[PDB]
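Chemist: Take a look at this one; I'll ask things after.
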Amino acid sequence: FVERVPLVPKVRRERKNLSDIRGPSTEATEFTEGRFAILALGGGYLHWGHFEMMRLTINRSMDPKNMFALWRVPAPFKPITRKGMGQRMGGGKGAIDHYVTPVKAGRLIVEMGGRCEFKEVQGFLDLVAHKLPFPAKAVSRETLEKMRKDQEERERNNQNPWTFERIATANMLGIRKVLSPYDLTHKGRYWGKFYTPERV
Amino acid sequence: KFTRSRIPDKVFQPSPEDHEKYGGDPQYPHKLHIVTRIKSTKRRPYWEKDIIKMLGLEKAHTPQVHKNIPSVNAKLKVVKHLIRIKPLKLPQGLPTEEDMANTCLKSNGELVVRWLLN
Amino acid sequence: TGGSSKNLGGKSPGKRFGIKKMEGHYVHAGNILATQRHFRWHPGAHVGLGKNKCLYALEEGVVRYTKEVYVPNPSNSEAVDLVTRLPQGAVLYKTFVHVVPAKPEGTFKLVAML
RNA sequence: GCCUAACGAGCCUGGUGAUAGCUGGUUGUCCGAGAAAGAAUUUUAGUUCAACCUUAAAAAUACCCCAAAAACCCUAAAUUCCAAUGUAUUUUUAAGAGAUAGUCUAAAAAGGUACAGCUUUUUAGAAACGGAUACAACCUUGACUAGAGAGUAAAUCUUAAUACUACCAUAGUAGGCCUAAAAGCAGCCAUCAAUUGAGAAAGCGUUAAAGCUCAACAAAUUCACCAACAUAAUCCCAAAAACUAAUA
RNA sequence: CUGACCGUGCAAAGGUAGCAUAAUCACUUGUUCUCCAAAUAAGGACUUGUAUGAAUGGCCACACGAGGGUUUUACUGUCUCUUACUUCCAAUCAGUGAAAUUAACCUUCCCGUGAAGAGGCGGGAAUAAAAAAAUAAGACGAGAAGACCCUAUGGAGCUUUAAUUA
RNA sequence: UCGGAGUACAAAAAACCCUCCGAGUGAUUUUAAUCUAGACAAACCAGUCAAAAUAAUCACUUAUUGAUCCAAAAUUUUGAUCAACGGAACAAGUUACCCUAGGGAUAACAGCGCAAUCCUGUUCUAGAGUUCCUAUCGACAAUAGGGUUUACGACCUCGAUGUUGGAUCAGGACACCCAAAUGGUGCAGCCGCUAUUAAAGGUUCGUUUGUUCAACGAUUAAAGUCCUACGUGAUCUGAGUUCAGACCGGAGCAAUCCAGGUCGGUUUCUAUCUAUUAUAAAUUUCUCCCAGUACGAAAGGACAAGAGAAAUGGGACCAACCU
Ligand SMILES: [Mg+2]
Ligand SMILES: [Mg+2]
Ligand SMILES: [Mg+2]
Ligand SMILES: [Mg+2]
Ligand SMILES: [Mg+2]
Ligand SMILES: [Mg+2]
Ligand SMILES: [Mg+2]
Ligand SMILES: [Mg+2]
Ligand SMILES: [Mg+2]
Ligand SMILES: [Mg+2]
Ligand SMILES: [Mg+2]
Ligand SMILES: [Mg+2]
Ligand SMILES: [Mg+2]
Ligand SMILES: [Mg+2]
Ligand SMILES: [Mg+2]
Ligand SMILES: [Mg+2]
Ligand SMILES: [Mg+2]
Ligand SMILES: [Mg+2]
Ligand SMILES: [Mg+2]
Ligand SMILES: [Mg+2]
Ligand SMILES: [Mg+2]
Ligand SMILES: [Mg+2]
Ligand SMILES: [Mg+2]
Ligand SMILES: [Mg+2]
Ligand SMILES: [Mg+2]
Ligand SMILES: [Mg+2]
Ligand SMILES: [Mg+2]
Ligand SMILES: [Mg+2]
Ligand SMILES: [Mg+2]
Ligand SMILES: [Mg+2]
Ligand SMILES: [Mg+2]
Ligand SMILES: [Mg+2]
Ligand SMILES: [Mg+2]
Ligand SMILES: [Mg+2]
Ligand SMILES: [Mg+2]
Ligand SMILES: [Mg+2]
Ligand SMILES: [Mg+2]
Ligand SMILES: [Mg+2]
Ligand SMILES: [Mg+2]
Ligand SMILES: [Mg+2]
Ligand SMILES: [Mg+2]
Ligand SMILES: [Mg+2]
Ligand SMILES: [Mg+2]
Ligand SMILES: [Mg+2]
Ligand SMILES: [Mg+2]
Ligand SMILES: [Mg+2]
Ligand SMILES: [Mg+2]
Ligand SMILES: [Mg+2]
Ligand SMILES: [Mg+2]
Ligand SMILES: [Mg+2]
Ligand SMILES: [Mg+2]
Ligand SMILES: [Mg+2]
Ligand SMILES: [Mg+2]
Ligand SMILES: [Mg+2]
Ligand SMILES: [Mg+2]
Ligand SMILES: [Mg+2]
Ligand SMILES: [Mg+2]
Ligand SMILES: [Mg+2]
Ligand SMILES: [Mg+2]
Ligand SMILES: [Mg+2]
Ligand SMILES: [Mg+2]
Ligand SMILES: [Mg+2]
Ligand SMILES: [Mg+2]
Ligand SMILES: [Mg+2]
């Protein structure tokens with residue numbers, strides 16, 4: 001059970017970094033113990049109500065003898081602020097309404113190990129995936145590695161001489177004037193919070 | 001913010017087939033550039049406008065000649081997306097005094113020293 | 001609606017701390033080299049230290065920057081202990097500024113031949 | 001209230017060209033060069049300084065700028081600083097003002113509702129008589145005067161979405177355990193062993209039975225599977241179009 | 001359940017006689033009865049009004065209000081739901097003859113756009129030319145340099161413990 | 001006003017009624033001096049280091065501070081919550097009795113933007129539904145839309161875009177309240193409850209409130225939800241808000257004041273321009289039957305077909321009646 005509010009509640013309202021939802025993920029990219037997971041195909045903010053859903057659902061859906069689950073995501077640490085209704089702009093920052101975990105595209109939310117075949121987990125994982133803020137998928141190691149090998153196969157099979165990398169890095173057509181500084185790294189595959197898998 | 005950017009060296013390392021493709025001679029690099037300005041300096045940052053004032057590229061579609069030394073090459077690199085660059089060729093060799101009046105520059109990027117006899 | 005924001009006095013001008021002269025700059029005796037609130041750069045050869053931790057040039061010369069070994073004054077205790085607890089292989093390094101004298105010290109002129 | 005068709009203080013003539021950091025106006029032609037907000041301020045509808053700039057003058061280097069160099073835990077785009085080099089610009093001296101109530105577009109962030117044709121800074125751009133029909137900010141281009149000449153630039157608007165099929169079903173045994181009953185199929189345990197082939201059972205079903213199908217042979221043929229998303233108020237919004245060859 | 005009583009605190013005294021949901025902050029269309037087929041109205045009661053209340057007067061009552069409210073009788077074109085007819089205007093003929101207003105107008109409709117509501121722009125529609133009579137949807141119609149709001153180191157009147165004081 | 005962090009990641013600079021911590025001085029001893037190169041910083045004023053030549057420290061240490069003039073002082077110097085902190089030698093309330101200059105540089109109305117709130121859908125099945133997820137619903141959640149609400153922005157208008165509710169006349173949407181065809185039912189029939197398709201036509205009269213809303217009486221086949229400058233004031237009405245008078249609570253010492261009640265209170269236009277100034281070719285009830293039959297154990301009880309009557313809405317017309 002994850003706790004609605006942190007045990008040591010943050011006293012000081014923090015600026016909201018959009019940057020921590022933005023682009024590829026570093027942490028929690030690889031499996032540890034389990035065969036299965038729910039993979040995040042966009043960035044997004046996970047608050048308490050979601051944890052509730054994934055928890056009750058995935059607990060009641062699984063055979064406790066043959067299966068076990070694990071959190072790959074922390075319990076929510078980031079304060080979110082509101083102002084009351086009917087507030088004029090200004091006067092200060094508001095007060096703390098919420099707690100959320102930032103989630104970057106390419107991270108595993110839940111890790112399910114067990115002696116089941118991927119068909120079961122995929123059966124009921126697709127529900128919890130379908131119900132998350134970002135677009136999300138139900139995957140295993142074989143699936144993941146397959147789609148990644150395909151993902152670089154596309155980049156070596158690409159028939160048109162022009163890829164986003166080549167242009168953005170060579171600053172051709174002064175394109176760097178329209179692009180962001182984070183655009184060199186994302187290579188134009190991520191845009192804002194969204195992620196496009198077909199972008200080479 | 002917006003910035004002066006950079007070009008990483010890999011860009012400027014030519015592949016073997018680029019010689020065959022642009023018809024450059026693999027053994028000997030070429031002496032002079034003919035640089036024409038294709039695009040406008042408006043809507044572009046001030047430092048590019050500067051580079052184009054130094055190169056003498058002031059008005060579009062007029063050719064200029066420049067040395068292939070690294071110093072000029074640097075500036076060209078900064079504005080490389082506004083310009084057209086072609087190697088200058090001298091089939092008849094270098095122009096002498098007598099030929100000064102008869103010089104002509106063809107769109108091949110080719111200088112002809114003896115032009116329109118009689 | 002009460003709009004009180006409880007925070008006060010964020011506002012100060014900046015102090016323009018930073019490096020005044022750059023490596024290979026010519027300098028006259030008395031120029032301030034850099035000015036910092038904590039030691040970022042320490043004074044090296046021919047660079048004097050002001051009570052506010054300013055670095056000024058003592059000679060006429062060329063300013064040079066350097067990474068050198070740091071051996072704290074045995075009178076200053078904190079630094080002595082910091083030096084003490086290090087593992088036996090490691091030495092401390094810091095950045096220093098220097099002036100490299102240009103003018104020769106003097107000249108011998110022939111005043112009178114008696 | 002009323003004091004001669006306007007009384008919170010009469011009317012007239014003086015002071016009186018009262019005084020308006022506030023509106024409103026400011027008259028011939030043609031050429032040069034040309035500006036966007038850092039400070040203080042009963043200041044934020046205003047002034048006065050700096051910076052940019054204009055008009056004269058004196059000079060010497062100015063932008064660009066490779067190594068080298070600028071912090072300590074983690075820390076991107078990038079700055080600062082300098083020869084060579086490409087160019088002609090820059091600094092000082094003497095005079096001057098206006099301006100100091102900005103908009104949007106890209107980028108980095110804040111605040112707000114990861115809302116505004118929203119507000120607040122920092123770095124860039126712009127304000128075509130050509131395109132985006134229309135158009136302030138996006139894109140192509142920078143500029144004069146004549147031609148009943150030419151070459152080009154940005155650009156005209158295209159992109160898609162489907163089916164599920166046989167045939168068949170006995171065995172210990174309603175396995176134990178519980179339980180009103182508990183019979184695969186309320187839950188715990190076991191997962192065994194006949195047949196050639198049929199799970200001590202995946203569905204529904206029954207009070208419990210009973211009964212329907214799935215998995216197993218037998219007969220065949222095989223081709224797939226990753227499916228989709230209601231509407232607004234005067235009256236739809238060029239007309240049309242599969243095709244004579246386009247780096248037009 | 002309440003509190004005649006009880007304790008302690010503070011005051012210069014601790015709101016009484018009345019009257020009361022009121023021409024009495026709010027709750028609030030308080031509660032209930034009478035009044036009507038039905039009433040947030042009216043009247044009568046209850047009533048802490050926590051912000052009534054006794055010469056800044058409190059309470060009843062004649063007689064009087066072009067004061068405010070409510071019921072009834074009666075009366076009727078107020079209205080169901082309009083009608084007929086006369087007179088002034090009215091329209092045609094003859095005299096005389098003003099007013100605000102007005103960049104120029106050769107002065108359409110739709111849907112988009114746009115300083116964000118178009119007769120003028122864009123894409124479409126429609127379309128001989130002029131009179132007279134009507135109706136008021138538009139011309140952000142006409143009248144008054146908005147009496148609201150805010151801002152001038154603009155005014156004025158009023159009041160006092162504003163500051164200077166004859 | 002003054003200083004440390006962040007915002008502002010690596011030279012400097014850098015905003016907010018941005019996020020967070022501090023200072024308007026203590027504690028000592030060692031009394032921390034003159035005079036002059038070169039500098040940082042800087043609109044200015046103020047701020048900073050400092051060689052040579054003569055003979056302060058700790059408290060994150062950085063902030064601990066006020067300019068002229070005028071006063072007092074002695075030999076030379078001290079004087080401020082001048083804290084609105086670049087400092088006026090010393091001045092408060094009110095104004096709905098108000099006045100002028102201006103501003104759409106800035107509010108209230110309306111429009112526009114956005115869609116937090118509000119409003120229609122779908123996607124997911126835990127659950128309700130005795131058993132049964134989806135007849136009727138449905139927590140935690142996903143994704144689209146609509147633009148009427150309360151807000152939020154301040155973009156057009158302050159040399160006027162006159163603002164609530166009615167009256168009259170309505171144009172439009174469909175997210176159907178009736179009428180018309182149908183699917184599903186936990187539908188026997190009668191009622192129902194849900195869903196799909198359909199905008200030619202309808203969508204009442206009263207008592208109390210200024211009231212839209214709401215309650216309540218009586219009915220209807222129904223007595224829709226909305227938009228149109230919360231339609232419509234050069235057509236009408238001002239009860240209400242919203243000026244001047246006045247009371248009553250209250251707040252102020254007062255003047256005056258309270259999106260608190262109460263009584264009272266001027267509604268102006270002769271139409272220049274655009275627009276516009278009559279074709280028709282029905283809609284709905286309720287009866288009468290059927291048949292008290294089909295349907296159900298009975299109690300209750302149909303449509304479809306076919307004859308009648310009305311009513312409303314179009315178009316007319318006076319023999320009678322009534323004016
Ligand atoms: Mg999702
Ligand atoms: Mg700071
Ligand atoms: Mg500052
Ligand atoms: Mg008079
Ligand atoms: Mg004057
Ligand atoms: Mg002052
Ligand atoms: Mg002013
Ligand atoms: Mg240089
Ligand atoms: Mg402004
Ligand atoms: Mg100004
Ligand atoms: Mg837009
Ligand atoms: Mg700029
Ligand atoms: Mg055009
Ligand atoms: Mg030209
Ligand atoms: Mg059996
Ligand atoms: Mg077997
Ligand atoms: Mg009493
Ligand atoms: Mg009251
Ligand atoms: Mg009292
Ligand atoms: Mg008295
Ligand atoms: Mg009294
Ligand atoms: Mg009497
Ligand atoms: Mg009288
Ligand atoms: Mg009377
Ligand atoms: Mg006449
Ligand atoms: Mg016309
Ligand atoms: Mg628009
Ligand atoms: Mg329009
Ligand atoms: Mg007439
Ligand atoms: Mg009209
Ligand atoms: Mg007009
Ligand atoms: Mg109007
Ligand atoms: Mg005005
Ligand atoms: Mg004033
Ligand atoms: Mg004044
Ligand atoms: Mg010394
Ligand atoms: Mg003093
Ligand atoms: Mg001040
Ligand atoms: Mg000040
Ligand atoms: Mg200052
Ligand atoms: Mg009054
Ligand atoms: Mg006025
Ligand atoms: Mg405005
Ligand atoms: Mg209006
Ligand atoms: Mg508004
Ligand atoms: Mg408007
Ligand atoms: Mg929306
Ligand atoms: Mg909003
Ligand atoms: Mg603004
Ligand atoms: Mg106005
Ligand atoms: Mg006007
Ligand atoms: Mg209508
Ligand atoms: Mg429908
Ligand atoms: Mg209708
Ligand atoms: Mg209205
Ligand atoms: Mg009205
Ligand atoms: Mg009107
Ligand atoms: Mg009173
Ligand atoms: Mg009267
Ligand atoms: Mg009144
Ligand atoms: Mg009128
Ligand atoms: Mg007419
Ligand atoms: Mg008329
Ligand atoms: Mg009729």
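Identifiers in the structure tokens: chain A, B, ... in order shown; residue index from 1 per chain; ligand index from 1 in order shown.
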Find the spatial neighbours of residue 182 of chain A, counting only C-alpha atoms (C1' of nucleotides), within a cut-off of 10 Å - ignore same-chain residues fewer than 5 positions away - and output them as a list in words.
Modeler: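 Here the answer would be residues 19, 22, 23, 187, 188, 190 and 191 of chain A; 76, 77 and 107 of chain D.
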Chemist: Could you write out the selected residues, including N, CA, C and O atoms (P, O5', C5', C4', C3', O3' and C1' of nucleotides), as a PDB file, in the first residue's frame?
Modeler:
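For reference, again_5.pdb as written:
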ATOM      1  N   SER A  19      10.470  19.609 -17.090  1.00  0.00           N
ATOM      2  CA  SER A  19      11.627  18.920 -17.626  1.00  0.00           C
ATOM      3  C   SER A  19      11.774  17.487 -17.123  1.00  0.00           C
ATOM      4  O   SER A  19      12.464  16.688 -17.753  1.00  0.00           O
ATOM      5  N   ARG A  22       9.882  15.201 -19.373  1.00  0.00           N
ATOM      6  CA  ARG A  22      10.237  15.420 -20.771  1.00  0.00           C
ATOM      7  C   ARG A  22      11.337  14.492 -21.310  1.00  0.00           C
ATOM      8  O   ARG A  22      12.396  14.340 -20.699  1.00  0.00           O
ATOM      9  N   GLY A  23      11.083  13.888 -22.469  1.00  0.00           N
ATOM     10  CA  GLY A  23      12.084  13.080 -23.154  1.00  0.00           C
ATOM     11  C   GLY A  23      12.282  11.692 -22.570  1.00  0.00           C
ATOM     12  O   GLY A  23      11.455  11.238 -21.784  1.00  0.00           O
ATOM     13  N   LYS A 187      16.659  13.787 -30.547  1.00  0.00           N
ATOM     14  CA  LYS A 187      16.742  13.429 -31.955  1.00  0.00           C
ATOM     15  C   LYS A 187      15.361  13.465 -32.612  1.00  0.00           C
ATOM     16  O   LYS A 187      15.095  12.729 -33.560  1.00  0.00           O
ATOM     17  N   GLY A 188      14.483  14.321 -32.093  1.00  0.00           N
ATOM     18  CA  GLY A 188      13.181  14.550 -32.696  1.00  0.00           C
ATOM     19  C   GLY A 188      12.186  13.415 -32.549  1.00  0.00           C
ATOM     20  O   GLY A 188      11.125  13.439 -33.167  1.00  0.00           O
ATOM     21  N   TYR A 190      11.055  12.356 -29.351  1.00  0.00           N
ATOM     22  CA  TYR A 190      10.183  12.887 -28.291  1.00  0.00           C
ATOM     23  C   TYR A 190       9.810  14.310 -28.620  1.00  0.00           C
ATOM     24  O   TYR A 190      10.656  15.072 -29.083  1.00  0.00           O
ATOM     25  N   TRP A 191       8.553  14.675 -28.412  1.00  0.00           N
ATOM     26  CA  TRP A 191       8.157  16.079 -28.543  1.00  0.00           C
ATOM     27  C   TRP A 191       7.278  16.512 -27.390  1.00  0.00           C
ATOM     28  O   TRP A 191       6.135  16.090 -27.303  1.00  0.00           O
TER      29      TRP A 191
ATOM     30  P     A D  76      26.691  18.635 -18.493  1.00  0.00           P
ATOM     31  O5'   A D  76      26.110  19.365 -19.783  1.00  0.00           O
ATOM     32  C5'   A D  76      25.900  18.633 -20.980  1.00  0.00           C
ATOM     33  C4'   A D  76      24.701  19.131 -21.748  1.00  0.00           C
ATOM     34  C3'   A D  76      24.942  20.332 -22.642  1.00  0.00           C
ATOM     35  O3'   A D  76      25.531  19.987 -23.880  1.00  0.00           O
ATOM     36  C1'   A D  76      22.982  20.681 -21.382  1.00  0.00           C
ATOM     37  P     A D  77      26.510  21.031 -24.597  1.00  0.00           P
ATOM     38  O5'   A D  77      25.518  22.108 -25.239  1.00  0.00           O
ATOM     39  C5'   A D  77      24.610  21.759 -26.279  1.00  0.00           C
ATOM     40  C4'   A D  77      23.644  22.881 -26.579  1.00  0.00           C
ATOM     41  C3'   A D  77      24.262  24.234 -26.898  1.00  0.00           C
ATOM     42  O3'   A D  77      24.675  24.363 -28.239  1.00  0.00           O
ATOM     43  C1'   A D  77      22.604  24.525 -25.275  1.00  0.00           C
ATOM     44  P     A D 107       9.834  26.361 -29.500  1.00  0.00           P
ATOM     45  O5'   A D 107      11.135  26.835 -28.712  1.00  0.00           O
ATOM     46  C5'   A D 107      12.390  26.246 -29.003  1.00  0.00           C
ATOM     47  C4'   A D 107      13.494  26.851 -28.182  1.00  0.00           C
ATOM     48  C3'   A D 107      13.364  26.722 -26.678  1.00  0.00           C
ATOM     49  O3'   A D 107      13.737  25.446 -26.197  1.00  0.00           O
ATOM     50  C1'   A D 107      14.037  28.914 -27.240  1.00  0.00           C
TER      51        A D 107
END
Chemist: Report as a list in words all protein, DNA and RNA residues lying within 12 Å of segment 65-68 of chain C, evaluated on only C-alpha atoms (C1' of nucleotides), omitting residues in the same chain fewer than 6 positions from it.
Modeler: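 Everything that qualifies: residues 19, 21, 22, 23, 24, 25, 33, 34, 40, 41, 42, 43, 44, 45, 47, 91, 92, 93, 94, 95, 96, 97, 98, 99 and 100 of chain C; 68, 69, 70 and 71 of chain D.
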Chemist: Enumerate residues in contact with ligand 33: an atom-to-atom distance of at most 10 Å, counting only C-alpha atoms (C1' of nucleotides) and all ligand atoms. Format the result as a PDB file with N, CA and C atoms (P, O5', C5', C4', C3', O3' and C1' of nucleotides), in the first residue's frame.
Modeler:
ATOM      1  P     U D  23      -2.701  63.089 -22.702  1.00  0.00           P
ATOM      2  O5'   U D  23      -3.248  64.327 -23.492  1.00  0.00           O
ATOM      3  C5'   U D  23      -3.737  64.109 -24.796  1.00  0.00           C
ATOM      4  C4'   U D  23      -5.227  64.281 -24.888  1.00  0.00           C
ATOM      5  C3'   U D  23      -5.667  64.783 -26.246  1.00  0.00           C
ATOM      6  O3'   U D  23      -5.895  63.724 -27.150  1.00  0.00           O
ATOM      7  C1'   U D  23      -6.529  66.205 -24.581  1.00  0.00           C
TER       8        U D  23
ATOM      9  P     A E 145     -20.542  68.843 -25.345  1.00  0.00           P
ATOM     10  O5'   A E 145     -19.416  68.129 -24.471  1.00  0.00           O
ATOM     11  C5'   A E 145     -18.120  67.918 -25.018  1.00  0.00           C
ATOM     12  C4'   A E 145     -17.643  66.498 -24.860  1.00  0.00           C
ATOM     13  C3'   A E 145     -17.108  66.174 -23.476  1.00  0.00           C
ATOM     14  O3'   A E 145     -17.216  64.774 -23.250  1.00  0.00           O
ATOM     15  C1'   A E 145     -15.345  66.061 -25.024  1.00  0.00           C
ATOM     16  P     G E 146     -17.432  64.199 -21.765  1.00  0.00           P
ATOM     17  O5'   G E 146     -18.732  63.297 -21.925  1.00  0.00           O
ATOM     18  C5'   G E 146     -18.703  61.904 -21.665  1.00  0.00           C
ATOM     19  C4'   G E 146     -19.444  61.596 -20.400  1.00  0.00           C
ATOM     20  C3'   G E 146     -18.573  61.531 -19.158  1.00  0.00           C
ATOM     21  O3'   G E 146     -19.320  62.009 -18.039  1.00  0.00           O
ATOM     22  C1'   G E 146     -19.680  59.480 -19.454  1.00  0.00           C
TER      23        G E 146
ATOM     24  P     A F 101     -13.773  69.427 -18.999  1.00  0.00           P
ATOM     25  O5'   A F 101     -12.224  69.110 -19.209  1.00  0.00           O
ATOM     26  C5'   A F 101     -11.214  70.062 -18.921  1.00  0.00           C
ATOM     27  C4'   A F 101      -9.902  69.368 -18.681  1.00  0.00           C
ATOM     28  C3'   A F 101      -9.695  68.113 -19.492  1.00  0.00           C
ATOM     29  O3'   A F 101      -9.266  68.386 -20.808  1.00  0.00           O
ATOM     30  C1'   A F 101      -9.103  67.703 -17.252  1.00  0.00           C
ATOM     31  P     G F 102      -9.893  67.548 -22.015  1.00  0.00           P
ATOM     32  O5'   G F 102      -8.909  66.309 -22.168  1.00  0.00           O
ATOM     33  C5'   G F 102      -9.380  64.975 -22.062  1.00  0.00           C
ATOM     34  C4'   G F 102      -8.401  64.103 -21.315  1.00  0.00           C
ATOM     35  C3'   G F 102      -8.548  62.610 -21.531  1.00  0.00           C
ATOM     36  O3'   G F 102      -7.900  62.170 -22.712  1.00  0.00           O
ATOM     37  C1'   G F 102      -8.360  63.054 -19.221  1.00  0.00           C
ATOM     38  P     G F 103      -8.618  61.103 -23.680  1.00  0.00           P
ATOM     39  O5'   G F 103      -8.268  59.683 -23.037  1.00  0.00           O
ATOM     40  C5'   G F 103      -6.985  59.384 -22.507  1.00  0.00           C
ATOM     41  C4'   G F 103      -7.046  58.147 -21.653  1.00  0.00           C
ATOM     42  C3'   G F 103      -7.868  57.012 -22.221  1.00  0.00           C
ATOM     43  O3'   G F 103      -7.135  56.237 -23.139  1.00  0.00           O
ATOM     44  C1'   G F 103      -8.439  57.346 -19.959  1.00  0.00           C
ATOM     45  P     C F 158     -14.273  55.551 -26.527  1.00  0.00           P
ATOM     46  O5'   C F 158     -14.839  55.804 -25.057  1.00  0.00           O
ATOM     47  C5'   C F 158     -16.102  56.407 -24.837  1.00  0.00           C
ATOM     48  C4'   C F 158     -16.215  56.849 -23.409  1.00  0.00           C
ATOM     49  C3'   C F 158     -15.229  57.927 -22.981  1.00  0.00           C
ATOM     50  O3'   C F 158     -15.799  59.216 -23.120  1.00  0.00           O
ATOM     51  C1'   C F 158     -15.464  56.207 -21.313  1.00  0.00           C
ATOM     52  P     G F 159     -15.034  60.365 -23.927  1.00  0.00           P
ATOM     53  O5'   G F 159     -16.089  60.780 -25.044  1.00  0.00           O
ATOM     54  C5'   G F 159     -17.011  61.829 -24.838  1.00  0.00           C
ATOM     55  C4'   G F 159     -17.275  62.510 -26.144  1.00  0.00           C
ATOM     56  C3'   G F 159     -17.295  61.568 -27.325  1.00  0.00           C
ATOM     57  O3'   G F 159     -18.600  61.057 -27.506  1.00  0.00           O
ATOM     58  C1'   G F 159     -15.980  63.503 -27.807  1.00  0.00           C
ATOM     59  P     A F 160     -18.903  59.768 -28.420  1.00  0.00           P
ATOM     60  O5'   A F 160     -19.834  58.933 -27.457  1.00  0.00           O
ATOM     61  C5'   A F 160     -19.544  58.818 -26.071  1.00  0.00           C
ATOM     62  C4'   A F 160     -20.143  57.538 -25.584  1.00  0.00           C
ATOM     63  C3'   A F 160     -21.402  57.163 -26.352  1.00  0.00           C
ATOM     64  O3'   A F 160     -21.427  55.759 -26.555  1.00  0.00           O
ATOM     65  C1'   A F 160     -21.902  57.366 -24.048  1.00  0.00           C
TER      66        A F 160
END
Chemist: When distances are computed from only C-alpha atoms, which of C:110, C:27, C:8, C:32 shows the smallest separation from residue 63 of chain C?
Modeler: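 For residue 63 of chain C, the nearest of the candidates is C:27.
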Chemist: Which chain A residues are at most 12 Å from chain F (counting only C-alpha atoms (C1' of nucleotides)), as number ranges by chain?
Modeler: A: 11-17, 46-61, 82-94, 124-136
Chemist: What's the 12 Å shell around residue 145 of chain A, counting only C-alpha atoms (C1' of nucleotides), without same-chain residues fewer than 6 positions away, as number ranges by chain?
Modeler: A: 29-31, 139, 151-152
Chemist: Considering only C-alpha atoms (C1' of nucleotides), return as an MDAnalysis selection string whatever protein or nucleic-acid residues lie within 12 Å of residue 167 of chain F, sequence-local ones (same chain, fewer than 6 positions apart) excluded.
Modeler: chainID F and resid 232:233 235:237
Chemist: Excluding residue 43 of chain E and its own-chain neighbours fewer than 5 positions away, which residues fall within 9 Å of it when counting only C-alpha atoms (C1' of nucleotides)? Please give them as JSON, numbers by chain.
Modeler: {"E": [34, 35, 70]}
Chemist: Just want the 8 Å neighbourhood of segment 29-44 of chain B, counted on only C-alpha atoms (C1' of nucleotides), with same-chain residues fewer than 5 positions away dropped. Output as a PyMOL selection string.
Modeler: (chain B and resi 24+49+52+57+59-68+82-88+109) or (chain D and resi 125-126+141-142)
Chemist: Which is closer to ligand 63 than all the others in F:271, F:247, F:199, F:297, using only C-alpha atoms (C1' of nucleotides) and all ligand atoms?
Modeler: F:271
Chemist: Which of these, B:81, B:114, B:106, B:53, has the shortest distance to chain A once you count only C-alpha atoms?
Modeler: B:81
Chemist: Please, which residues of chain B lie no more than 7 Å from chain A when the count uses only C-alpha atoms, and can they be set out as a list in words?
Modeler: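 Here is what falls inside 7 Å: residues 2, 7, 11 and 81 of chain B.
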Chemist: For the selection just defined, write its residues with N, CA and C atoms to a file, as a short mmCIF file (atom, residue, chain, number, x, y, z; two decimals), in the first residue's frame.
Modeler:
data_model
loop_
_atom_site.label_atom_id
_atom_site.label_comp_id
_atom_site.auth_asym_id
_atom_site.auth_seq_id
_atom_site.Cartn_x
_atom_site.Cartn_y
_atom_site.Cartn_z
N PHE B 2 18.57 31.08 -27.65
CA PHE B 2 19.09 30.78 -28.97
C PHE B 2 20.57 31.14 -28.99
N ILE B 7 29.43 23.15 -35.08
CA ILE B 7 29.44 21.99 -35.94
C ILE B 7 30.55 21.05 -35.47
N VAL B 11 31.02 15.92 -39.26
CA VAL B 11 30.35 16.52 -40.41
C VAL B 11 31.30 16.72 -41.58
N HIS B 81 24.75 27.64 -44.67
CA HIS B 81 23.40 27.35 -45.13
C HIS B 81 22.78 28.49 -45.94
#
Chemist: If we count only C-alpha atoms (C1' of nucleotides) and set the cut-off at 12 Å, which residues sit around residue 224 of chain D, ignoring sequence neighbours fewer than 6 positions away in its own chain? Please answer as a PDB file with C-alpha atoms (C1' of nucleotides), in the first residue's frame.
Modeler:
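Printed below is out.pdb as written:
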ATOM      1  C1'   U D 162     -13.164  -5.407 -42.904  1.00  0.00           C
ATOM      2  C1'   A D 163     -15.841 -12.561 -41.451  1.00  0.00           C
ATOM      3  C1'   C D 164     -15.028 -16.961 -38.195  1.00  0.00           C
TER       4        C D 164
END
Chemist: Which residue out of C:7, C:36, C:75, C:12 has the minimum interatomic distance to chain D when only C-alpha atoms (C1' of nucleotides) are used?
Modeler: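 Under the stated criterion, the closest residue is C:36.
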Chemist: Return as an MDAnalysis selection string the full set of residues in segment 14-60 of chain C whose backbone-based DSSP assignment is strand (DSSP E or B).
Modeler: chainID C and resid 18:19 26:27 32:35 41:43 47:49 54:57
